[PDB]
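*Asks:* Okay, here's the structure, questions in a sec.
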Number of protein chains: 4
Amino acid sequence: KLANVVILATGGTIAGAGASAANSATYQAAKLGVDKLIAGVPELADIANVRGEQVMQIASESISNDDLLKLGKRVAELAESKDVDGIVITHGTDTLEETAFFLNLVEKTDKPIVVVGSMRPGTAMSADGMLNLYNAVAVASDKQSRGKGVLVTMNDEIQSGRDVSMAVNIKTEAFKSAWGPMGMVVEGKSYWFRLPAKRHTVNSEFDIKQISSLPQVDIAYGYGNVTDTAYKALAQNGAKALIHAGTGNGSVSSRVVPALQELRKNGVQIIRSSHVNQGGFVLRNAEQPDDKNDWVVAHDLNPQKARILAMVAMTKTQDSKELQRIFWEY
Amino acid sequence: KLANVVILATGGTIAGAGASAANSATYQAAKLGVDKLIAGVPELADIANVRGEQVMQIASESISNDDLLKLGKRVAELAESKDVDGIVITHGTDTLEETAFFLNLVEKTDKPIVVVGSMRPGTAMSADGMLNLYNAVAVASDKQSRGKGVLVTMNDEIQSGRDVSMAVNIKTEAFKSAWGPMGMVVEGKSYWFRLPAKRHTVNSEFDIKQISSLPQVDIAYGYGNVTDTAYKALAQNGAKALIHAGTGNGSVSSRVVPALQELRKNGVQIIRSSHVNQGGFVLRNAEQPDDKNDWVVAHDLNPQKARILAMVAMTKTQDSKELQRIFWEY
Amino acid sequence: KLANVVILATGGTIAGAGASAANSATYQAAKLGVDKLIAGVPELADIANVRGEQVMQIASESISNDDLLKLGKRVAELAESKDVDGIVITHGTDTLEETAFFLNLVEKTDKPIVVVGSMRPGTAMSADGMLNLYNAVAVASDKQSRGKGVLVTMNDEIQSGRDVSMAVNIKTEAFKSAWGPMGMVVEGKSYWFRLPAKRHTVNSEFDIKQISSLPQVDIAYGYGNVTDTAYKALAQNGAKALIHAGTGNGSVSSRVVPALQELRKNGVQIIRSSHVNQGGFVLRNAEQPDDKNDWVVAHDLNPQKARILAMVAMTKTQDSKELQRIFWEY
Amino acid sequence: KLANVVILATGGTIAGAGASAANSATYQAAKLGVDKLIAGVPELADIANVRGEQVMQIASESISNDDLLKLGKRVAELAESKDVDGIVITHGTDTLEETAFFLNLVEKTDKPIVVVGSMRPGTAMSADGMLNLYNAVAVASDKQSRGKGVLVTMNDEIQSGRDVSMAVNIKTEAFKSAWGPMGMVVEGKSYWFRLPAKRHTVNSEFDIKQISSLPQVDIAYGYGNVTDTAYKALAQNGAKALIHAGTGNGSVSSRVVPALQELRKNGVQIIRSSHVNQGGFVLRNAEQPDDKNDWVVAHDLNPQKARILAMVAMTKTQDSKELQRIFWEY
């Protein structure tokens, strides 16, 4: 009668603890195991048959590519199981948007996958995690969630895992998309207003089942008087692609362009993103001659999202034209 | 009767040119001289006595610290002149927010200083620069602008140069502040709704007249699987402070903390900012033990803004407690 | 081969004129005919084969139901023509959102229909109307626009005609949706990030071909110390439904509930909307017992949008359960 | 020694109760007395000496002018007491913005006055009221709050009572200002980023001590095919001023202008506001000839705020030029 939902716990503020009820912002992440999360929301038994597993127990700022692969592979094993209807991942906020996008690209399933965190620990007055987790389970149990790609369910919203980002610090409305929420979840019911347009999950060319390793990708920032130092150092320490987090429309300083040309000739993919992250996108051939240089633009994707897509894409191709297509379809 | 306004041109898209009227996003910056910009808005003569000077002719993504000092010293000379009532600076968008904040810290004048750019070049259909420049001159000529600190006048808004940032790519509403616009400018008239709270201009402890060369400060990004490589390389190549553009509330990967402790022990200031830029702020001692490590938080300041404040602050102090006070006052 | 686009002119600021180039906000609407509007953007020939018709010449604040029917019927005649690929409607901003939603409900066509205005008259410095009209023709000429419902193309955005609203005065970013833009249009190219979820155009149960008149529907506002006066007066002067623009979640004053029960028994449909228009929705049975009173909630639709849906819906049904279904599907 | 704060309870969702923990949106307001609210936040004793009074027990959508006066007069008595350092008012969300603006105009004190509500009842999972009430008391007890005018402390923000509005339904981020938050409150500490520019409290020309009964003011909505019916009926039933909630920049249908000219000639003040409430303002003489007609524009104020200012203003003046000055200063 009720859906079978599995909760995969990774740590985070949602599993965190502070010293008193007034500690909404100063806490230790990743203190409570998945069984204590489930025990703290007894109302979950009203909306689904829930089982929990601990995949990891980390502050998400310290996540690694090996962690992503472990989580992605477990999600795929559960998605293939006839006994599983939906999956919830409890996660720290800091890199929640990276995990959600990674799963959106590599999980070839129409089964709902929801990633959820909290801005306050469960010890705090007015802690947000209990209702976030209830909503995540509600959404993971809802037929309307099938085929919608990875979702994030914080602040009573249904956000696309593709382009939701941690945009506001401290407040519970932290996660926003340039392209809006797709829906809302209220008193366990989902209300949809938009659908995804971009390739995901079942329509993805990528599959975690065929990924055993991820290429190293790093990010360097653009600002006044920036030099080529970080770009060269990152490449010298193994980066196979650099995400340029440029000013404006992925613009590159005249002090940095020559190093990026030299790195591209040395086989490093050069992907122009920006730190202009509330809306718009980076236009090919506008601020830099990407065709002449054989560079790629990240479209609307912020730097950390562009890193995820580049890493997944480079499991399959190092062709800059193919990478640009991928950045325009996902 | 009319105010005496000087326009200091530095380049940018507002001085740009594209190949066709439909080229609103693909153009070359810094092509038109200040006399051509002034001649493109003959209505300036109705609202002020305007004179133009060409300080530099750059795409603002390529600005240097020596460019900031040249511009800041020319602004100081003009502010000291009885014959100047207000100052407008035409600037590229990419680092407009950095220049505006710098001038807000180092110009000890109550004379209006307005920084303005455009998202479309003057060759485009529906180019925004003409009305942006008219509005900048209107605000620079208005007695209500005196003592308000440095202002930015795009999109019919009066924004604080402190915390306005380039937040949306392509669109004319690019410049936004987490704390809102302070006012609007419409048909030459200024309408105020908020005042600055933070220290600026006449109440600043800093003065451009004292600064000969700015200290080197660099920025490193935080993301999944980040290593200490960029942080160490930037310090090796001369960084006196490192702005950490962390995930979430300025969080630091467990892979990076030991390097930042070693760098602080070797005299490099460690300032925790974030790429969570739509609202909120980074809280001292929350994600990291700043007191134990002698680190600084950047409060609400985005990484490029924190870099500007760290450079100015270190012309006066190397005491981390004084740097934290400055990050809480400015 | 270029698309054949018809421009249907109705008036508005985009056809407006002010006394001087500095008049961005003080002007007269509906002065320029469609042939002069088209002649002002000769670049339209690069993206489509365009012809103009003058349907009407009004300030949109003064639109009537007879004007909607005239425009809707003309759109339908063009959409049935094999010689028409797309339709652009130039329109005043004030009720643009009402016309766009009306057409989204009643035009049973997959051919693109775009509604466009401007915040500044074409006489103004940095007038927005030329690029808005270029973008409207670009989107109306694009195969990606087929089957997406009615679209609004201002501020470089592709907004859904369903739920875009005039949200910001004066500024060119005036039109916003709670559910985000669906895409952007830049240098003639359309970039999509979301799809509509709600029923529209070809999947609508409503058809302008079967509508010869519209039921009278009026709107009354909720606030502190509101009385039942406006509600009763509007019904006495022919309203067949009343849109309640409530405080909060469509809340109704205890001073107004009895009048609404008497009006419902008298056969007036009662639809709870709100003046809380930036996000969320009005929940059935939450603030008022809608099932007991036989009332309807407007879901996320603002009062003027709810009026349009009620008026179209009541051409087909006066069954309150059917109207609630319609408010949940469109 | 702790500040003495008095909590004045008026009802609302913050005092509400739902049937179960999953009832975040469906509940009964105004169920719990002030002593139970205070008992539900035992941490209040750490930050202030609190006492509670029950002023009334209502759902705020049903507030009256006499309720405003009863609360305003009690606030005045407490502000005049040496034993009171700060005042918190617990309130329903629906008309919280109206009460906060009223108090901002009529309380001639620099003592902190905070108005607070919740979007979820205290019975819900992740109820927001506990931390909102803690934050209200923290802000009411803070020296930084003195002289700032009336404040609203929801969602970790410090918002101006002047121009904060209920803008988002259901979500805890409901309260927003076009001009941004002025600050934040985190772990009991206040962080300021802007100051008010408009007249309030100690600099107000109005005083609650002089007002015995407020004049009747009503609101009529503008939309396609609107008629003069609601305007005339509201005036016939005693409105001394009509707030016109127009489309766009307070625009008036050509079907309505004649009635509004006649009402003005008969002594009814005509104030043009709008239902365009996310930003911008209504410009005098732009959409209508206000000077010719002796009408007033509401500036940036939404209709329900404009009604509050019009009521207070008309306790002093019937001169439309003085009313316009008031609408430009407050």
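Chain labels A, B, ... are given in the sequence in which chains occur in the structure tokens; within each chain residues are numbered consecutively from 1, and ligands are likewise numbered from 1 in the order shown.
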Considering only C-alpha atoms, return as a ChimeraX atom specification whatever protein or nucleic-acid residues lie within 12 Å of residue 5 (chain A), sequence-local ones (same chain, fewer than 6 positions apart) excluded.

*Replies:* /A:38,44-45,47-53,75,78-79,81-89,111-114,133-134,136-142

*Asks:* Please produce a file of those selected residues containing N, CA, C and O atoms, as a tab-separated table (two decimals), in the first residue's frame.

*Replies:*
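New file selection30.tsv:
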```tsv
chain	number	residue	atom	x	y	z
A	38	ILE	N	15.84	8.85	11.27
A	38	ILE	CA	14.54	8.19	11.05
A	38	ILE	C	13.75	8.21	12.36
A	38	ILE	O	12.56	8.57	12.29
A	44	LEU	N	7.23	9.73	9.43
A	44	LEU	CA	7.59	9.10	8.15
A	44	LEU	C	6.81	7.80	7.94
A	44	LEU	O	6.51	7.48	6.82
A	45	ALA	N	6.55	7.05	9.01
A	45	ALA	CA	5.83	5.76	8.92
A	45	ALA	C	4.42	5.97	8.38
A	45	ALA	O	3.88	5.04	7.80
A	47	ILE	N	3.73	7.90	5.81
A	47	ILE	CA	3.73	8.23	4.37
A	47	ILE	C	4.52	7.23	3.55
A	47	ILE	O	4.33	7.25	2.35
A	48	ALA	N	5.36	6.41	4.16
A	48	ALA	CA	6.16	5.42	3.42
A	48	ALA	C	6.68	4.36	4.36
A	48	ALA	O	6.70	4.55	5.57
A	49	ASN	N	7.09	3.25	3.76
A	49	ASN	CA	7.90	2.22	4.44
A	49	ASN	C	9.36	2.60	4.25
A	49	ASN	O	9.85	2.43	3.13
A	50	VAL	N	9.99	3.08	5.30
A	50	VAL	CA	11.36	3.66	5.20
A	50	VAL	C	12.38	2.71	5.83
A	50	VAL	O	12.11	2.12	6.88
A	51	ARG	N	13.52	2.59	5.19
A	51	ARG	CA	14.71	1.87	5.69
A	51	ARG	C	15.89	2.79	5.47
A	51	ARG	O	15.93	3.45	4.41
A	52	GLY	N	16.82	2.81	6.40
A	52	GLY	CA	18.00	3.69	6.30
A	52	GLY	C	19.29	2.93	6.15
A	52	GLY	O	19.43	1.81	6.75
A	53	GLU	N	20.23	3.47	5.38
A	53	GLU	CA	21.63	2.99	5.34
A	53	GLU	C	22.59	4.16	5.47
A	53	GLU	O	22.29	5.25	4.95
A	75	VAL	N	23.23	3.98	-5.06
A	75	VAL	CA	21.92	4.44	-5.58
A	75	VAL	C	21.53	3.55	-6.76
A	75	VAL	O	20.34	3.19	-6.86
A	78	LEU	N	20.19	0.16	-5.64
A	78	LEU	CA	18.85	0.27	-5.05
A	78	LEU	C	17.84	0.51	-6.16
A	78	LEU	O	16.75	-0.09	-6.11
A	79	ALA	N	18.15	1.37	-7.14
A	79	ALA	CA	17.24	1.69	-8.24
A	79	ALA	C	16.91	0.43	-9.06
A	79	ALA	O	15.75	0.33	-9.54
A	81	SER	N	16.56	-2.53	-7.87
A	81	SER	CA	15.82	-3.46	-6.99
A	81	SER	C	14.32	-3.25	-7.16
A	81	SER	O	13.81	-2.14	-6.98
A	82	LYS	N	13.56	-4.31	-7.38
A	82	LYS	CA	12.08	-4.23	-7.45
A	82	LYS	C	11.45	-3.79	-6.13
A	82	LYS	O	10.31	-3.29	-6.17
A	83	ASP	N	12.15	-3.94	-5.01
A	83	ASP	CA	11.68	-3.68	-3.62
A	83	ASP	C	11.84	-2.18	-3.26
A	83	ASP	O	11.58	-1.83	-2.11
A	84	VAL	N	12.41	-1.39	-4.17
A	84	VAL	CA	12.69	0.06	-3.88
A	84	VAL	C	11.84	0.90	-4.83
A	84	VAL	O	11.93	0.71	-6.03
A	85	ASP	N	11.06	1.84	-4.29
A	85	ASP	CA	10.21	2.73	-5.12
A	85	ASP	C	10.86	4.12	-5.28
A	85	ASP	O	10.67	4.71	-6.34
A	86	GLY	N	11.58	4.56	-4.25
A	86	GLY	CA	12.26	5.86	-4.30
A	86	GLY	C	13.39	5.92	-3.33
A	86	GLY	O	13.46	5.12	-2.36
A	87	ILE	N	14.26	6.91	-3.52
A	87	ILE	CA	15.49	7.03	-2.74
A	87	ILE	C	15.63	8.47	-2.25
A	87	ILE	O	15.43	9.38	-3.05
A	88	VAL	N	15.92	8.60	-1.00
A	88	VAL	CA	16.27	9.90	-0.37
A	88	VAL	C	17.71	9.87	0.08
A	88	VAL	O	18.14	8.88	0.71
A	89	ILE	N	18.46	10.93	-0.20
A	89	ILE	CA	19.85	11.06	0.27
A	89	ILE	C	19.89	12.23	1.24
A	89	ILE	O	19.60	13.37	0.79
A	111	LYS	N	13.04	6.20	-11.30
A	111	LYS	CA	12.60	6.17	-9.90
A	111	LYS	C	13.00	7.48	-9.24
A	111	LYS	O	14.09	7.97	-9.49
A	112	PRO	N	12.16	8.05	-8.38
A	112	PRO	CA	12.52	9.30	-7.73
A	112	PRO	C	13.77	9.20	-6.88
A	112	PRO	O	13.94	8.26	-6.12
A	113	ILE	N	14.63	10.20	-7.05
A	113	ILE	CA	15.84	10.38	-6.24
A	113	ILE	C	15.80	11.80	-5.69
A	113	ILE	O	15.70	12.74	-6.51
A	114	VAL	N	15.76	11.92	-4.38
A	114	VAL	CA	15.63	13.23	-3.70
A	114	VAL	C	16.84	13.43	-2.81
A	114	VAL	O	17.19	12.51	-2.01
A	133	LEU	N	12.98	16.41	5.77
A	133	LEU	CA	13.11	14.95	5.56
A	133	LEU	C	11.74	14.34	5.29
A	133	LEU	O	11.61	13.54	4.38
A	134	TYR	N	10.70	14.79	5.99
A	134	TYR	CA	9.33	14.34	5.73
A	134	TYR	C	8.93	14.63	4.29
A	134	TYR	O	8.45	13.78	3.55
A	136	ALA	N	10.99	15.15	1.74
A	136	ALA	CA	11.82	14.36	0.82
A	136	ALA	C	11.18	12.98	0.63
A	136	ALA	O	11.09	12.50	-0.50
A	137	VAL	N	10.77	12.37	1.74
A	137	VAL	CA	10.13	11.04	1.69
A	137	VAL	C	8.80	11.14	0.94
A	137	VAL	O	8.52	10.28	0.12
A	138	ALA	N	7.97	12.15	1.22
A	138	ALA	CA	6.72	12.40	0.50
A	138	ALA	C	6.97	12.48	-1.00
A	138	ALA	O	6.28	11.81	-1.80
A	139	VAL	N	7.95	13.28	-1.40
A	139	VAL	CA	8.27	13.45	-2.85
A	139	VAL	C	8.81	12.13	-3.41
A	139	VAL	O	8.42	11.75	-4.50
A	140	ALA	N	9.67	11.42	-2.69
A	140	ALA	CA	10.27	10.16	-3.18
A	140	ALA	C	9.19	9.07	-3.32
A	140	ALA	O	9.42	8.15	-4.12
A	141	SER	N	8.06	9.23	-2.66
A	141	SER	CA	6.95	8.24	-2.65
A	141	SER	C	5.89	8.61	-3.68
A	141	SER	O	4.90	7.88	-3.81
A	142	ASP	N	5.99	9.76	-4.33
A	142	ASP	CA	4.90	10.30	-5.16
A	142	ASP	C	5.12	9.86	-6.61
A	142	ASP	O	6.21	10.09	-7.19
```

*Asks:* Within 6 Å of chain D, which residues of chain B show up? Give each one with its shortest atom-to-atom distance in Å (one decimal) and the two atoms involved, counting only C-alpha atoms, rows by chain then rising residue number, as a Markdown table.

*Replies:*
```
| residue | atom | partner | partner_atom | distance |
| --- | --- | --- | --- | --- |
| B:179 | CA | D:180 | CA | 4.8 |
| B:180 | CA | D:180 | CA | 4.2 |
| B:181 | CA | D:179 | CA | 5.7 |
| B:193 | CA | D:197 | CA | 5.2 |
| B:194 | CA | D:197 | CA | 4.7 |
| B:195 | CA | D:195 | CA | 5.0 |
| B:196 | CA | D:194 | CA | 5.0 |
| B:197 | CA | D:194 | CA | 4.7 |
```

*Asks:* Quote the spacing between CA of residue 215 (chain D) and CA of residue 103 (chain D) in Å to one decimal place.

*Replies:*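 Between CA of residue 215 (chain D) and CA of residue 103 (chain D) the gap is 16.3 Å.
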
*Asks:* If we count only C-alpha atoms, what is near residue 297 (chain A) at a cut-off of 12 Å, once residues fewer than 4 positions away on the same chain are taken out, given as a ChimeraX atom specification?

*Replies:* /A:242-246,249-251,269-274,281-291,293,301-303,306-307,309-310,320-328

*Asks:* Just asking: which residues within region 33-197 of chain D are helix (DSSP H, G or I) according to DSSP, as an MDAnalysis selection string?

*Replies:* chainID D and resid 34:39 44:47 60:62 65:79 96:106 129:140 143:145

*Asks:* Name the residues in contact with region 16-30 of chain B at a cut-off of 6 Å, using only C-alpha atoms, excluding same-chain residues fewer than 5 positions from it; report them as number ranges by chain.

*Replies:* A: 286; B: 11, 57-59, 120-121, 123-125; C: 187

*Asks:* Could you tell me, as a PyMOL selection string, which residues of region 171-239 of chain A DSSP assigns to strand (DSSP E or B) when given the backbone?

*Replies:* chain A and resi 175-176+183-186+189-192+194-196+217-221

*Asks:* Please produce a file of the residues just selected, as a PDB file, in the first residue's frame, where the atoms kept are N, CA, C and O atoms.

*Replies:*
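Ended up saving to result.pdb:
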```pdb
ATOM      1  N   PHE A 175      18.593  27.313  -0.836  1.00  0.00           N
ATOM      2  CA  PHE A 175      18.732  26.670  -2.159  1.00  0.00           C
ATOM      3  C   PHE A 175      17.788  27.316  -3.168  1.00  0.00           C
ATOM      4  O   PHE A 175      16.571  27.348  -2.990  1.00  0.00           O
ATOM      5  N   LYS A 176      18.390  27.896  -4.197  1.00  0.00           N
ATOM      6  CA  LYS A 176      17.643  28.586  -5.281  1.00  0.00           C
ATOM      7  C   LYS A 176      18.154  28.162  -6.646  1.00  0.00           C
ATOM      8  O   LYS A 176      19.336  27.816  -6.764  1.00  0.00           O
ATOM      9  N   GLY A 183       8.255  23.162  -8.316  1.00  0.00           N
ATOM     10  CA  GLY A 183       7.018  22.878  -7.590  1.00  0.00           C
ATOM     11  C   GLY A 183       7.166  23.137  -6.130  1.00  0.00           C
ATOM     12  O   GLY A 183       8.181  23.722  -5.733  1.00  0.00           O
ATOM     13  N   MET A 184       6.162  22.738  -5.376  1.00  0.00           N
ATOM     14  CA  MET A 184       6.145  22.869  -3.920  1.00  0.00           C
ATOM     15  C   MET A 184       5.633  21.559  -3.325  1.00  0.00           C
ATOM     16  O   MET A 184       4.902  20.845  -4.003  1.00  0.00           O
ATOM     17  N   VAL A 185       6.051  21.282  -2.102  1.00  0.00           N
ATOM     18  CA  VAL A 185       5.495  20.150  -1.340  1.00  0.00           C
ATOM     19  C   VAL A 185       4.965  20.721  -0.032  1.00  0.00           C
ATOM     20  O   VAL A 185       5.713  21.416   0.690  1.00  0.00           O
ATOM     21  N   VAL A 186       3.681  20.490   0.179  1.00  0.00           N
ATOM     22  CA  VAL A 186       2.921  21.045   1.320  1.00  0.00           C
ATOM     23  C   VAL A 186       2.014  19.937   1.893  1.00  0.00           C
ATOM     24  O   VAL A 186       1.230  19.378   1.131  1.00  0.00           O
ATOM     25  N   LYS A 189       1.855  16.683  -0.029  1.00  0.00           N
ATOM     26  CA  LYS A 189       1.329  16.683  -1.406  1.00  0.00           C
ATOM     27  C   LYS A 189       2.228  17.560  -2.273  1.00  0.00           C
ATOM     28  O   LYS A 189       2.755  18.555  -1.790  1.00  0.00           O
ATOM     29  N   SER A 190       2.487  17.070  -3.466  1.00  0.00           N
ATOM     30  CA  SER A 190       3.364  17.740  -4.436  1.00  0.00           C
ATOM     31  C   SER A 190       2.522  18.518  -5.414  1.00  0.00           C
ATOM     32  O   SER A 190       1.554  17.986  -5.958  1.00  0.00           O
ATOM     33  N   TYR A 191       2.940  19.740  -5.714  1.00  0.00           N
ATOM     34  CA  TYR A 191       2.265  20.647  -6.661  1.00  0.00           C
ATOM     35  C   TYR A 191       3.298  21.100  -7.687  1.00  0.00           C
ATOM     36  O   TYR A 191       4.314  21.743  -7.281  1.00  0.00           O
ATOM     37  N   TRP A 192       3.110  20.703  -8.929  1.00  0.00           N
ATOM     38  CA  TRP A 192       4.067  20.946 -10.017  1.00  0.00           C
ATOM     39  C   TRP A 192       3.631  22.145 -10.845  1.00  0.00           C
ATOM     40  O   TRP A 192       2.439  22.278 -11.141  1.00  0.00           O
ATOM     41  N   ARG A 194       6.390  23.492 -13.310  1.00  0.00           N
ATOM     42  CA  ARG A 194       7.336  23.473 -14.430  1.00  0.00           C
ATOM     43  C   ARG A 194       7.881  22.049 -14.528  1.00  0.00           C
ATOM     44  O   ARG A 194       7.883  21.336 -13.524  1.00  0.00           O
ATOM     45  N   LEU A 195       8.418  21.708 -15.683  1.00  0.00           N
ATOM     46  CA  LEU A 195       9.127  20.442 -15.934  1.00  0.00           C
ATOM     47  C   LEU A 195      10.543  20.738 -16.388  1.00  0.00           C
ATOM     48  O   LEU A 195      10.839  21.822 -16.920  1.00  0.00           O
ATOM     49  N   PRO A 196      11.491  19.806 -16.169  1.00  0.00           N
ATOM     50  CA  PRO A 196      12.837  19.976 -16.678  1.00  0.00           C
ATOM     51  C   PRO A 196      12.834  19.978 -18.212  1.00  0.00           C
ATOM     52  O   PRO A 196      11.980  19.321 -18.889  1.00  0.00           O
ATOM     53  N   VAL A 217      39.377  17.307 -12.023  1.00  0.00           N
ATOM     54  CA  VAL A 217      38.989  18.632 -12.544  1.00  0.00           C
ATOM     55  C   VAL A 217      39.095  19.639 -11.404  1.00  0.00           C
ATOM     56  O   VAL A 217      38.663  19.323 -10.280  1.00  0.00           O
ATOM     57  N   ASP A 218      39.684  20.784 -11.687  1.00  0.00           N
ATOM     58  CA  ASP A 218      39.870  21.808 -10.638  1.00  0.00           C
ATOM     59  C   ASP A 218      39.269  23.135 -11.091  1.00  0.00           C
ATOM     60  O   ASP A 218      38.944  23.300 -12.306  1.00  0.00           O
ATOM     61  N   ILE A 219      39.171  24.054 -10.131  1.00  0.00           N
ATOM     62  CA  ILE A 219      38.524  25.374 -10.381  1.00  0.00           C
ATOM     63  C   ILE A 219      39.446  26.510  -9.949  1.00  0.00           C
ATOM     64  O   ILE A 219      39.996  26.437  -8.849  1.00  0.00           O
ATOM     65  N   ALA A 220      39.580  27.528 -10.783  1.00  0.00           N
ATOM     66  CA  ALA A 220      40.373  28.737 -10.501  1.00  0.00           C
ATOM     67  C   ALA A 220      39.495  29.973 -10.663  1.00  0.00           C
ATOM     68  O   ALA A 220      38.649  30.022 -11.547  1.00  0.00           O
ATOM     69  N   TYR A 221      39.709  30.959  -9.807  1.00  0.00           N
ATOM     70  CA  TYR A 221      38.830  32.138  -9.731  1.00  0.00           C
ATOM     71  C   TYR A 221      39.421  33.307 -10.513  1.00  0.00           C
ATOM     72  O   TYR A 221      40.645  33.512 -10.520  1.00  0.00           O
TER      73      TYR A 221
END
```

*Asks:* Report the distance between CA of residue 268 (chain B) and CA of residue 241 (chain B) in Å, rounded to one decimal place.

*Replies:*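 Going from CA of residue 268 (chain B) over to CA of residue 241 (chain B) covers 5.1 Å.
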
*Asks:* Could you check how far CA of residue 143 (chain C) sits from CA of residue 172 (chain C), in Å to one decimal?

*Replies:*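 Taking CA of residue 143 (chain C) and CA of residue 172 (chain C), their separation equals 26.7 Å.
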